[PDB]
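Residue numbers (PDB author numbering), protein chains in the order written: chain D, 1 to 375; chain F, 1 to 375; chain E, 1 to 375.
For each residue, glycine too, the CB sits at the ideal point set by N, CA and C.
Only one structure is covered here, and it is reproduced in the block below.
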Amino acid sequence: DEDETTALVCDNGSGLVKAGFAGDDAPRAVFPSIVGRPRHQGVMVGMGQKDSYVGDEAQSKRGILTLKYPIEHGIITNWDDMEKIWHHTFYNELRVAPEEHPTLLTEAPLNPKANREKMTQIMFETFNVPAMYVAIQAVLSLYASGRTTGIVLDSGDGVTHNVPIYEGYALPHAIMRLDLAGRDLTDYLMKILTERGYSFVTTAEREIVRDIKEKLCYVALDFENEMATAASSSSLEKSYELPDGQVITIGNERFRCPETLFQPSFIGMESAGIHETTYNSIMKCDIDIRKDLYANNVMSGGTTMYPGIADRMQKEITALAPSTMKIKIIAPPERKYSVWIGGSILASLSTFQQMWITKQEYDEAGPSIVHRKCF
Amino acid sequence: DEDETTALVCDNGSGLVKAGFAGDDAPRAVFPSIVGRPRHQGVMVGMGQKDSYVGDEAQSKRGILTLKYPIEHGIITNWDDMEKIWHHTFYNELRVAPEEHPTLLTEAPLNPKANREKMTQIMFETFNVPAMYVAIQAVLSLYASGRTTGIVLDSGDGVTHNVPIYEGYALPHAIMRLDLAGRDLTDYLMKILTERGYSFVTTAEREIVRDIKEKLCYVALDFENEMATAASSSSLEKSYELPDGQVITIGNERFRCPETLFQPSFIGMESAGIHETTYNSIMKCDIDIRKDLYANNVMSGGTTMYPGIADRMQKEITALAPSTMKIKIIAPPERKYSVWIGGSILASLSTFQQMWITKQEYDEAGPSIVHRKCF
Amino acid sequence: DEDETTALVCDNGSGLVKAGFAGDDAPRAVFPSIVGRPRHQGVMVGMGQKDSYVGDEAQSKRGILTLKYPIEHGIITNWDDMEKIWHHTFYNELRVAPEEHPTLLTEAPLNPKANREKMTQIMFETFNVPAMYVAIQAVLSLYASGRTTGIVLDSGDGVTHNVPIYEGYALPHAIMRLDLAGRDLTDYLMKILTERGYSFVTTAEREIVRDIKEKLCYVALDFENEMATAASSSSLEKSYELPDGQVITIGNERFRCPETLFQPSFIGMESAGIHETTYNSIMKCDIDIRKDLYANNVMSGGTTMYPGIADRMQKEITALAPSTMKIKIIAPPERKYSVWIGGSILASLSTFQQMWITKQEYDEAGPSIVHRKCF
Numbered sequence: 001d002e003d004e005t006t007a008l009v010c011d012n013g014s015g016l017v018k019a020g021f022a023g024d025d026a027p028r029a030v031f032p033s034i035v036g037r038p039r040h041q042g043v044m045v046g047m048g049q050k051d052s053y054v055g056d057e058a059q060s061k062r063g064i065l066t067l068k069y070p071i072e073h074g075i076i077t078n079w080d081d082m083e084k085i086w087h088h089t090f091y092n093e094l095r096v097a098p099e100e101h102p103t104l105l106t107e108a109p110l111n112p113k114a115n116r117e118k119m120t121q122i123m124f125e126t127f128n129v130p131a132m133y134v135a136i137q138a139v140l141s142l143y144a145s146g147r148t149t150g151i152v153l154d155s156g157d158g159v160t161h162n163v164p165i166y167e168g169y170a171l172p173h174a175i176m177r178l179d180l181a182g183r184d185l186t187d188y189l190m191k192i193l194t195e196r197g198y199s200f201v202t203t204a205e206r207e208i209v210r211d212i213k214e215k216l217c218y219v220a221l222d223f224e225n226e227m228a229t230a231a232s233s234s235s236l237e238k239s240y241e242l243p244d245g246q247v248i249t250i251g252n253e254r255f256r257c258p259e260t261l262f263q264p265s266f267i268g269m270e271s272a273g274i275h276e277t278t279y280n281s282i283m284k285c286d287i288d289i290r291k292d293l294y295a296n297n298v299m300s301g302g303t304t305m306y307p308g309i310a311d312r313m314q315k316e317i318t319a320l321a322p323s324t325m326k327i328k329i330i331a332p333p334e335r336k337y338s339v340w341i342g343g344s345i346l347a348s349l350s351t352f353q354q355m356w357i358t359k360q361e362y363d364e365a366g367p368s369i370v371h372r373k374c375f
Numbered sequence: 001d002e003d004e005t006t007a008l009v010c011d012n013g014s015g016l017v018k019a020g021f022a023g024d025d026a027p028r029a030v031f032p033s034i035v036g037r038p039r040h041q042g043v044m045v046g047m048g049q050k051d052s053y054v055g056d057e058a059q060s061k062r063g064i065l066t067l068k069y070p071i072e073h074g075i076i077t078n079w080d081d082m083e084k085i086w087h088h089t090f091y092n093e094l095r096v097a098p099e100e101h102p103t104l105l106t107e108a109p110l111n112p113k114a115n116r117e118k119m120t121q122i123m124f125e126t127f128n129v130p131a132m133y134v135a136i137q138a139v140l141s142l143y144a145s146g147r148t149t150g151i152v153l154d155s156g157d158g159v160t161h162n163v164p165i166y167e168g169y170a171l172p173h174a175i176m177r178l179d180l181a182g183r184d185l186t187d188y189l190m191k192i193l194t195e196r197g198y199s200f201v202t203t204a205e206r207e208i209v210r211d212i213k214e215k216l217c218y219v220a221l222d223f224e225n226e227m228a229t230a231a232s233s234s235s236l237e238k239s240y241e242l243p244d245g246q247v248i249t250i251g252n253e254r255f256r257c258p259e260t261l262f263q264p265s266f267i268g269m270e271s272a273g274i275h276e277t278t279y280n281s282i283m284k285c286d287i288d289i290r291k292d293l294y295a296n297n298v299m300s301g302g303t304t305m306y307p308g309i310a311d312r313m314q315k316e317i318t319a320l321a322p323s324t325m326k327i328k329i330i331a332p333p334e335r336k337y338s339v340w341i342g343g344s345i346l347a348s349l350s351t352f353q354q355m356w357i358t359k360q361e362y363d364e365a366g367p368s369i370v371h372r373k374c375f
Numbered sequence: 001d002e003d004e005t006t007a008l009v010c011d012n013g014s015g016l017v018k019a020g021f022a023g024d025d026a027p028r029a030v031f032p033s034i035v036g037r038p039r040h041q042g043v044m045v046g047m048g049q050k051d052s053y054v055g056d057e058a059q060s061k062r063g064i065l066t067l068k069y070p071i072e073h074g075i076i077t078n079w080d081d082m083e084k085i086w087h088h089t090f091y092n093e094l095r096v097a098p099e100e101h102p103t104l105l106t107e108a109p110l111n112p113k114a115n116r117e118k119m120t121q122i123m124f125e126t127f128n129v130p131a132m133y134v135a136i137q138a139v140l141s142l143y144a145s146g147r148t149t150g151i152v153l154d155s156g157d158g159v160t161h162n163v164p165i166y167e168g169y170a171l172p173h174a175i176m177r178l179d180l181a182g183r184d185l186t187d188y189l190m191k192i193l194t195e196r197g198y199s200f201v202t203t204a205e206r207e208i209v210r211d212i213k214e215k216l217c218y219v220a221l222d223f224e225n226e227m228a229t230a231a232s233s234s235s236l237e238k239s240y241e242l243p244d245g246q247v248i249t250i251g252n253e254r255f256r257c258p259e260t261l262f263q264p265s266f267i268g269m270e271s272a273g274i275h276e277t278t279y280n281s282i283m284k285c286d287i288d289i290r291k292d293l294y295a296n297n298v299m300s301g302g303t304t305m306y307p308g309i310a311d312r313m314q315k316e317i318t319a320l321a322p323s324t325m326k327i328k329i330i331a332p333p334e335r336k337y338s339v340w341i342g343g344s345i346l347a348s349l350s351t352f353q354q355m356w357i358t359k360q361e362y363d364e365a366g367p368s369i370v371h372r373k374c375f
């Protein structure tokens with residue numbers, strides 16, 4: 001017990017952190033990974049004039065901020081903010097003490113040697129956690145699927161990826177990435193709205209554009225019919241209500257914004273997203289593994305979650321792929337949190353006492369062991 | 001004992017003083033802060049030529065006096081009138097010997113350094129009280145509400161005020177004063193009662209119109225339905241008996257005077273009243289305030305008390321505010337007295353023996369220490 | 001002539017409307033966008049029961065009326081009120097027959113388009129104007145500067161904006177609206193005056209504090225020093241007398257409010273103010289047009305007319321900008337009407353007989369052709 005369920009899992013995600021204990025099905029703490037600092041002196045009536053707090057406190061909610069998004073594009077960018085974040089992860093969010101709990105964290109698909117180490121320097125030297133672990137975001141998604149071989153295509157908030165997996169780890173020459181994903185299409189949804197209207201330009205009109213992404217967005221299975229069919233009498237017309245009585249008629253719009261992730265092109269770079277990108281990821285992968293991977297293409301993230309995406313993947317990657325390979329997407333129900341759940345199962349596991357990085361090993365060898373125990 | 005409840009508390013309020021001791025629920029002395037002086041060499045009563053009268057004395061004998069008001073616009077203008085008043089406060093009202101009682105005097109929330117220092121001068125250097133404290137009114141009103149988390153919107157008699165507090169650090173650029181309040185409203189009630197027919201000609205016809213305000217009046221929860229239906233058959237008629245048996249019927253007048261505190265404007269520019277003035281005791285500074293403020297919006301003072309003001313505030317700030325904030329007003333029972341009460345409870349506090357400004361601290365260091373021990 | 005001078009222009013701003021004819025240097029009608037409605041049945045001196053008043057006439061009757069603001073944040077939220085405004089704009093304000101008059105009406109930087117079109121319905125279907133145009137406000141401020149290319153910051157009433165225009169094409173991907181502007185930076189100044197020493201009595205006096213910003217208010221070149229400096233001996237001290245004998249000794253206040261536009265502050269509204277939000281508008285638009293953006297940064301609008309604001313802008317954006325790139329503000333003398341002057345010239349234009357959206361095209365194809373004629 002004392003290790004086995006007290007183990008923690010804390011996905012440092014591209015916009016939101018997911019923390020908890022191990023062997024929980026779904027995260028104990030979820031928060032926008034943002035800290036900031038005063039542009040002016042200012043107090044309320046409350047307690048004592050503090051320097052920086054974190055998350056939904058400073059995001060739903062950021063006036064005197066200088067917003068720092070310290071984990072940009074899934075690689076922890078600022079470490080004074082990150083530390084404050086983990087302080088908030090324990091002594092606010094999980095209501096626990098660091099020296100008591102081993103932690104499992106996730107990292108970037110190409111997290112550099114020394115950043116993985118920088119994580120480990122802080123987690124022992126300020127946080128003093130008794131044991132710890134960090135595993136790559138993608139391997140944990142395929143592990144939440146529970147397949148040892150495959151190809152994960154992660155398009156969460158600030159990063160799109162493709163990582164083959166076969167019997168244990170990843171393949172960095174195949175591994176694709178893209179810096180435009182779950183965020184970038186929400187603002188773009190505001191454009192397509194602001195070609196319809198909209199107008200959404202308060203903060204409270206901008207952060208609701210986000211939610212309209214989550215509901216009203218679809219991925220068009222054939223844009224040729226659909227876009228044109230929207231403008232007759234038809235359907236496509238849906239609506240939302242504002243904080244007041246104004247209806248938000250959105251029709252010939254709903255499907256335009258996800259389509260982007262299925263061909264992001266922009267004047268003198270072509271940022272080919274989701275599909276051809278798998279074919280070229282697997283075409284850099286092992287030739288004997290390819291077959292399985294064609295059938296074991298799995299998705300994860302916020303912006304893999306739009307309605308229509310799986311069918312849309314199913315037709316597309318096939319048209320590209322060599323017709324003897326039985327191809328098939330695995331995009332499970334829980335695929336916005338899978339990165340974490342893989343972690344949870346990876347910690348509450350009878351074998352895992354071997355794979356912990358401990359107190360002692362750290363003092364003896366220093367952070368490079370956390371690289372060498374991984375690969 | 002020798003300090004504890006020998007400790008005095010004395011609110012210098014814009015028209016009214018509240019003196020007393022530490023550890024009392026309700027003020028021991030209360031008087032109208034008028035200073036009279038005869039316009040005639042009139043050898044008076046059981047003692048002949050008197051230079052002055054203070055409190056109700058000055059209010060009876062007005063016809064022979066000139067009336068002075070030292071705490072005008074929140075602050076201590078002339079220090080001979082003040083000192084006369086405090087001599088009345090101790091040597092007449094409280095009946096104490098000044099040299100055995102620590103005092104607490106209050107201070108107007110934008111009380112200049114030297115003005116705090118000048119209360120500090122007179123208490124020790126002439127009154128010779130062994131110890132003292134000067135206290136930011138909105139911090140005493142705060143405390144009394146069992147909270148340090150809560151924005152005082154003081155609106156007394158000659159003052160409106162919104163002061164936000166960081167455990168003492170009362171923000172020096174969100175604090176507000178706005179002098180249109182209980183006095184402006186009383187003269188308004190006279191005005192409207194005259195349009196109605198009536199003649200508030202003499203002093204005996206004039207000071208009754210104040211008390212009518214204090215009790216018979218209301219704040220509309222919507223000004224349409226009220227200020228239409230009242231002019232018919234309906235309700236809303238109330239009546240007062242005079243110094244004689246002539247009844248004074250008030251119906252379309254009653255609820256206009258408190259309404260004023262919310263909505264002036266006519267034609268020109270763009271400005272605020274209570275609600276918008278609390279929407280910019282909002283827009284000011286700190287990132288991690290807000291969620292506290294909107295839910296913990298307090299009120300205090302003489303012109304806060306008229307029936308309807310809480311529910312009227314509660315709709316109003318909410319329509320202005322972005323609709324993710326859980327908003328809630330707080331308007332306590334005793335809210336023309338809180339200013340003193342939390343004062344009193346703050347002097348009978350076990351933590352306070354560091355805080356008292358003493359004889360010695362003053363002979364060693366002198367005046368500024370009262371400010372420097374606080375802000 | 002028959003088209004040329006008889007063309008109208010009517011900038012529907014978030015508080016004030018600006019109207020007139022083609023060619024004219026300065027607007028023929030400037031009115032408050034106040035539809036006021038009665039809470040009463042009754043008759044005025046010589047005039048019977050009307051359902052509404054619009055502009056100044058409504059404002060004068062406040063006590064008996066309910067006011068609304070239909071063009072909140074720049075966007076037409078209620079169409080009963082809007083239609084009432086335009087009906088007043090022709091049949092009262094511009095004193096002409098609409099069916100003889102092409103009209104040019106502005107629209108917010110990213111307006112609604114279902115609303116550009118709803119505006120296109122009412123103007124033909126009820127006001128039968130022979131032709132008309134709807135024009136993007138900020139594009140008309142760069143058009144008052146006679147340029148095809150430049151980034152425009154328009155901070156008018158409850159509108160603040162950043163628009164990058166390249167060769168007559170307003171890039172919707174960088175367009176900020178901020179929601180702290182000419183109003184918000186008055187209502188606050190209102191009360192800091194009152195903190196010091198003031199009050200505003202009854203139904204009218206709220207609306208003197210825009211004139212106070214527009215005349216007195218300074219943008220300090222350093223806030224830390226100036227804050228202390230004001231409270232020493234120093235200067236800052238000047239005074240404004242009322243329409244009665246109350247002097248407004250404002251000194252220590254005068255600089256604090258224009259400063260707000262260089263980073264508005266509280267919590268549930270991010271507002272990196274003026275400087276960073278331009279940088280983050282420009283950096284959404286490409287380098288080969290960034291050279292023309294940094295040289296061609298523009299400001300129109302009431303509150304960007306501040307004493308200090310150009311010089312402050314000049315230091316403040318440059319501290320964020322990549323260092324060799326040459327910057328200079330385009331903030332011309334007439335920058336509180338520019339939006340209408342863009343319109344007036346754009347009607348008085350030899351080429352425009354192809355660019356009128358005609359009587360006929362409307363009956364054949366309907367409203368969206370007015371957005372499709374724009375692009």
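- Around the beta-carbon of D/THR351, fewer than 16 other beta-carbon atoms lie within 10 Å, marking it exposed.
- Within 10 angstroms of the beta-carbon of E/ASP80 lie fewer than 16 other beta-carbons, which makes it exposed.
- Following the DSSP letters along the chain, one finds E/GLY150 in no alpha helix (DSSP H) but inside the beta strand (DSSP E) bounded by residues 150 to 155.
- Per DSSP, reduced to three states, the secondary structure at E/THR6 is coil, with no helix or strand assignment.
- Counting only Cβ-Cβ distances below 7 Å, E/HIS40 has contacts in chain F at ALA228, in chain order.
- Counting along the chain, no alpha helix (DSSP H) covers F/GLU107; the unbroken beta strand (DSSP E) around it starts and ends at 103 to 107.
- In the three-state DSSP reduction, E/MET132 falls in the strand class (E or B).
- Assigned with DSSP and collapsed to three states, E/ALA181 falls in coil, not helix or strand.
- At a cut-off of 7 Å between beta carbons, F/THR149 contacts chain D.
- Taking a Cβ-Cβ threshold of 7 Å, the residues of chain F close to E/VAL209 are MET269, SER271, in chain order.
- Cβ-Cβ separation between D/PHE31 and D/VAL43: approximately 24 Å, too far for a contact (criterion under 8 Å).
- E/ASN297 is positioned such that its CB atom lies no closer than 7 Å to that of E/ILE274.
- Contact of D/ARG62 with chain F by beta-carbon distance below 9 Å involves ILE287.
- When CB distances to chain D are screened at a threshold of 9 Å, the residues of the region 165 to 195 of chain F falling below it are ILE165, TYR166, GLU167, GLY168, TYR169, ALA170, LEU171, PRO172, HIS173, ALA174, in chain order.
- Listed in chain order, the alpha helix (DSSP H) elements of length 4 or more contained wholly in the region 197 to 260 of chain F are 203 to 206, 208 to 216, 223 to 229, 256 to 259.
- With contacts defined as CB atoms closer than 7 Å, E/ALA29 and E/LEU94 qualify as a contacting pair.
- A straight line joining the alpha-carbon of D/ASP286 with that of D/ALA19 spans about 34 Å.
- With contacts defined by Cβ atoms closer than 7 Å, F/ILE317 and F/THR260 do not form a contacting pair.
- Interface flag for D/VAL152 against chain F is unset, since no Cβ pair is found closer than 7 Å.
- Only those residues of the region 309 to 320 of chain F whose C-beta falls short of 8 Å from the nearest C-beta of chain D would be listed, and there are none.
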